[PDB]
Amino acid sequence: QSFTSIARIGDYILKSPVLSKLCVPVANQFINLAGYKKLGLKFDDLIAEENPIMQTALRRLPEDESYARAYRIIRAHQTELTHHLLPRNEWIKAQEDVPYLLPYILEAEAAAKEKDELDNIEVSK
Amino acid sequence: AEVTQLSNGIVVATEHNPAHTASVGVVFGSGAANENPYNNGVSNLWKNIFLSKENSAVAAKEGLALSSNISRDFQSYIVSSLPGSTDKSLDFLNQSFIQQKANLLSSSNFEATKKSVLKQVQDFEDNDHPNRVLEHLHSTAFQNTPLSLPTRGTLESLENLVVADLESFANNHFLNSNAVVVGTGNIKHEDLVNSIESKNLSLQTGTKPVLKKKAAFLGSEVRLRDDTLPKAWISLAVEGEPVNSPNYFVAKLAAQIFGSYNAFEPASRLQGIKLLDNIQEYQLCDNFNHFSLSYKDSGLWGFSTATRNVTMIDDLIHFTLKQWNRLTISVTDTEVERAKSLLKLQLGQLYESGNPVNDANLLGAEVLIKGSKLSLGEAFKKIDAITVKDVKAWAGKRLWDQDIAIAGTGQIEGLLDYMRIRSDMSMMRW
Amino acid sequence: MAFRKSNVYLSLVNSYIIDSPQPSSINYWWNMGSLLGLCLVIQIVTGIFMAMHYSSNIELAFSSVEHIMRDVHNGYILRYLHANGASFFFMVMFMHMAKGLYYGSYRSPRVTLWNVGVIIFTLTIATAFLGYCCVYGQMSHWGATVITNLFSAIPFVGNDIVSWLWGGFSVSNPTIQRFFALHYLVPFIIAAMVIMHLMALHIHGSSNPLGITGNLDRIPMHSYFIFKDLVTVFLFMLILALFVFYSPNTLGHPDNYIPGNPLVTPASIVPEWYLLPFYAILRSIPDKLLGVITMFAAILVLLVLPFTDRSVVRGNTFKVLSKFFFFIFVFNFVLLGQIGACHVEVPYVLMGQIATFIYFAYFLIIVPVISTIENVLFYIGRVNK
Amino acid sequence: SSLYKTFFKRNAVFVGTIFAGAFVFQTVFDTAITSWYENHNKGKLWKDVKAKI
Amino acid sequence: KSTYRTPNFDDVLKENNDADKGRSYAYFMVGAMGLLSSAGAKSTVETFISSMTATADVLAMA
Ligand code: HEC
Ligand code: HEC
Ligand SMILES: C/C=C(C)/C=C/C=C/C(OC)[C@@H](C)[C@H](OC)[C@@H](C)CCc1oc2c(O)c(OC)cc(OC)c2c(=O)c1C
């Protein structure tokens, strides 16, 4: 599933006051139960990168963010292999769990989608 | 638009467009295709003495510009000047092809021109790899035939030539029935045709040039391997179409479908060319370009290319030739329509440039073969007329399962055996 | 350059078992792979040794097996090892399959890896059934019968394929002798199929429990995973020994100690424990043809997984709704196998049908529906645009 | 040859055309051999000794 | 020796009057080879397969 599609459906739930109040709480709850935060990782880190779009995005992701992501991941494996979680004060906080990679992806998907369209545009005289 | 043409004792053709300059010249219907394997380059020599320092200083004082060009089917001698000095041109041209046809051919001027075209032709064979290969494609494609002789001439035949050869050739070739005087710039048709009808004479009238043996295409290859070169320049084509052929434009359009490309230009990479998706993943080449070379009796349809990815040369070939396969079985409408638009554009930039000598070399060319010039408008008309069904019929005749001619120099170790390449000219089917 | 690296044969051994870069975090579920390798060896070695005493001739078949038990030195150890080694092969195979199914190993670039694995599953089940026939006990004969007849379901050529396989009017000498022949052959194919599974593994490496990339922190296969693997190897042998020596027949069926008889199918006929879930799925469809199509489908449906899992992240480690529904599938699978050992009686038939639905509905409905929801859930839970 | 250009028109024989032809052959070719063989051995065959009975 | 001076192939180059001769001969050969091979394959396959079908001694009609 495309992030273009995820954000299309997500924003729509977010933008409606009715759906918003009924979903987001369940959402934050589902997120706390997942637990990646207790392993010091932002959800964007969890996105699978073995595909061109993600490679394109990670390539385009500015240094500071990349080196940090690198640390976060290395840190997670080390923690995971020890069968512990990090000390609570190291847990990625709510306002830290920011979708940093998301825009680069959305842009990369956008670019890809267009090329595909322009590669099959039919002509009508 | 324009394009007028009337015969008198010779044949005059012009096309004037109020520009900035006026150019007049004589185009002879014989070039390298009319040379012999042993006097090859006799024409590059004629061109070079015509542009001689002695002969150039003359027309210079008068304020004229000298420009010559050697080809396969024909060759020309053109003079450019200001719009009103059209007479000044006529004097110099008629002076160089009637009176001074005893001079110029003077030793120490010929011995100097001989050394010029020698350190010139050698320089080309030593450094202009892409075109040297392009010239060798003809050498092998048309081997043992008129079209197989190089314009600049061989490096051996060149050093054996003498003033006697220049004269000899010139006599059987620089005739009247084998010449057409061209005027391009802004001088009226009636302003030159009259200025020409002034000075009478004939000069060997009634004589026709020697005939020969119709050029032919043969499946072959010449591999000029040189591991010391940094790249690998290779050229590959099939028997193409000749000028004034029912498919003169269908063929030209096909080449445009794959067009040309230059890995280093951002804009060249974004082109609407299907083959591009394959070539860019591993950078299979630095540039390639498709052509549809048309000559009097034959032609060459294919592409030239340069790459540094010497380990993946077989993929460059494979992807390319498999793309060509499409022209017979699956070429699309939007591929054709793009081709048209781009062909009309690049064809336009040729026929209507800001250079009279250019219009001249193109004018003399057609009136010498078809006795008339086809107006760009008529062109666009025939081009827009081409359908997919047409492009497919042509591909099935000229491309699908047909022999090819290969030429290459540099690091071509990776270029596979003829048969492999020859096999990608088709595709498996039930 | 070192030798283990430069030699044509050791470099292979080297890049696969010594220098191979592994993700530091991989848990013990990653130990199932080598266990299967061991299993393949145990089966093959034990088999060839037993084969020196076996007689495929239908009149001699059952007795040659007893001759192995009663006269061959350690013959019983050979037989009990082969037979139990066969069940462990499946207990492990199932775990190996499950781990992957959980951690989304069938995804991303590892599909071909997963697809090869599915073939090995179909082949192993086949090899196993061919070998079970060689004892020619009651279960043997009837297993031989029913299974070959599975093909009589094919519309036109049906019966012809069946009698072709039998090589006679029914399951007789020709059947048992060609079945041994084939039981010997397939293992070597499985072995080949394994090297491909390995080649497909080797280009991308193993995944890991986090389901993310392991490129940032690698540790060589040697002296870590060679020793970690040893732990499970021993643990594995310890439990297999407990069965082979102290409870050799618990995993079997008593009917197989009675020589096969063509005129009497025992009222106690039940498939091998590892085939039960599939047996159950077939029984749950009251149509002959649909019964076999559905059963074969239940195996082929695993190929669908890389397309129905719409999640944007790999594995179940961080998915609440997926971890839940995963176990619902696991237990459902066990219930399926339980219904199989049961009779075709009132509450069980309907149960079998509800579960069959669930089984298929897992790969086709739940996973895609659930993962899409989780993708959205993951998004809205932190986006404040 | 012009016989090839009428049937297949300068295109190699298609894989489907090959198989199709392959079947025809099987039967045609076989009967031919079987016949030549039976005839050559006339008087020795069972069909022949069965008639003298 | 100049590279534009192509060697002599007049010992092998066919004097064309029937341009598609080499092609017509090759393709027939190739196609003919293909014909006989499918037949031979079909034949080999059938031999092995049919060696599994019921043996003479077991067709005992009781
Ligand atoms: C010839 C080599 C040989 C190979 C290789 C072999 N087997 Fe066997 N297998 C036998 C023989 C002989 C028997 C009959 C004696 C017996 O029952 O152990 C047998 C019997 C069996 C049985 C019947 C169980 C029982 O009642 O003993 C199973 C199941 C089995 N094999 C599974 C396998 C599997 C699974 C593999 C491979 C992964 C395999 N075999 C490979 C020779 C082999
Ligand atoms: C239905 C699928 C499937 C079957 C059956 C299967 N494999 Fe795998 N195997 C996988 C996949 C997928 C992976 C990659 C999992 C990962 O590392 O994330 C894998 C990985 C492995 C590994 C690496 C260690 C591990 O457990 O991750 C080995 C070795 C291996 N398999 C061996 C085998 C052998 C030997 C057999 C059977 C004789 C077998 N596999 C059957 C799916 C399968
Ligand atoms: C040479 C090879 C040949 C001819 C064919 C082999 C291939 C077939 C298989 O797949 C590989 C096959 C093993 C199948 O797979 C769908 C398994 C899940 C088995 C399913 C199976 O087992 C039974 C069994 O064991 C029994 O024991 C007494 C009895 C049985 O009913 C009485 C069954 C049964 O009713 C079914 C459906």
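Residues numbered from 1 in each chain as written, not as in the entry; some residues may be left out. Chains lettered and ligands numbered in written order. Part of a larger assembly, values for the part shown. Heavy atoms only, no water.

1. Some remarks on the pattern of salt bridges
The criterion, for reference: The salt bridge definition used is simple: a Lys or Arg side-chain nitrogen within 4 Å of an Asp or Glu carboxyl oxygen. The buried label applies to any residue whose accessible area, calculated with a 1.4 Å probe on protein chains only, is under 20% of its type's maximum; exposed applies above 50%, and partly exposed to all values in between.
The full count for this structure, using the stated rule, is 37 salt bridges over all chains. Notably, a salt bridge pairs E221(B) with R223(B), separated by 2.6 Å at the nearest N-O pair. Assessed through its relative accessible area of 31%, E221(B) is described here as partly exposed. For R223(B), a relative accessible area of 29% translates into the label partly exposed. Through salt bridges that share partners, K37(A), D44(A), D97(A) and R382(C) make up one connected network.

2. A word on the UniProt feature "transmembrane region" in chain D
Just so we agree on the cut-off: UniProt positions are given in the numbering used here, feature names are shortened, and annotations may be inferred rather than shown by experiment. Secondary structure elements are taken from DSSP: a helix is a run of H or I of four residues or more, a strand is a run of E of two residues or more, and numbering for both begins at the N terminus.
In this structure's numbering, the residues bearing the UniProt feature "transmembrane region" are residues 15-40 of chain D. As a span, residues 15-40 of chain D carries 100% helix and 0% strand, and end to end its C-alpha atoms are 37 Å apart.

3. Comments concerning the coordination of the iron atom of ligand 2
All names here are of chain C. For clarity, the threshold we go by: Because water is not among the atoms used, a metal site may look incomplete, as its donors are only the N, O and S atoms within 2.8 Å, or 3.2 Å for Na, K and Ca. For a four-donor site, all angles between 85 and 135 degrees give tetrahedral; for four or six donors, opposite pairs above 155 degrees with the remaining angles between 65 and 115 give square planar or octahedral; all remaining cases count as irregular.
Those protein atoms acting as donors to the iron atom of ligand 2 are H96 (NE2) and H197 (NE2), and they sit at 2.0 Å. Here the iron atom of ligand 2 is ringed by six donor atoms whose angles at the metal span 87 to 179°, and the overall shape comes out octahedral. Here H96, found in helix 5 (residues 75-102), pairs with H197, found in helix 9 (residues 173-202); they are 101 residues apart in sequence, far enough to count as distant. Look at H96 and you get partly exposed, because its relative accessible area is 24%.

4. Comments concerning the interface of chain E and chain C
Basically, it comes down to this: Residue contacts follow a heavy-atom distance rule, with two residues in contact if any of their heavy atoms lie within 4.5 Å. By buried area we mean how much accessible surface two parts lose on assembly, using a 1.4 Å probe and totalling the loss over both. For the purposes of these results, a polar contact is taken to be a pair of N or O atoms within 3.5 Å, where, inside protein, one atom must be able to donate a hydrogen and its partner to accept one; residues adjacent in sequence count only when each atom of the pair is a side-chain atom.
Across the boundary between the two partners, chain E contributes seven residues, which contact five residues of chain C. For the pairing of chain E and chain C, the buried interface totals around 550 Å² over both sides, and the portion due to carbon and sulfur atoms is 71%. Of all residues in chain E, the largest losses of buried area upon contact with chain C belong to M52(E), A54(E) and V58(E), amounting jointly to 66% of the total for that side. The tally of links from chain E across to chain C stands at zero salt bridges. At the surface where chain E touches chain C, the tally comes to two residue pairs in polar contact.

5. A closer look at the arrangement of the chains
Summarising the chain contacts, six pairs of chains touch, and the pair with the most contacts is chains A and C. Chain C makes no contact with chain D; the smallest distance between any of their C-alpha atoms is 20 Å. Across all C-alpha pairs, the smallest distance from chain A to chain E is 38 Å, and the two are not in contact.

6. Thoughts on the site of ligand 2
Residues and elements named next belong to chain C. Put simply, the test is: Throughout this document, a residue counts as near a molecule or strand when at least one of its heavy atoms sits within 4 Å of that molecule or strand. Each residue gets one label: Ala, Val, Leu, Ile, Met, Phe, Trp, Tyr, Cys and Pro are nonpolar, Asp, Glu, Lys and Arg are charged, and the others, such as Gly, are polar.
Lining the immediate surroundings of ligand 2 are 19 residues, of which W30, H96, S105, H197 and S206 lie closest. At 3.1 Å from an oxygen atom of ligand 2 is found a side-chain nitrogen or oxygen belonging to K99. Between ligand 2 and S105 there is a distance of 2.7 Å, counted from an oxygen atom to a side-chain nitrogen or oxygen. Secondary-structure elements contributing two or more residues to the shell around ligand 2 are helix 3 (32-51), helix 5, helix 6 (111-133) and helix 9. Here the shell around ligand 2 is built from residues that sort into 11 nonpolar, seven polar and one charged.

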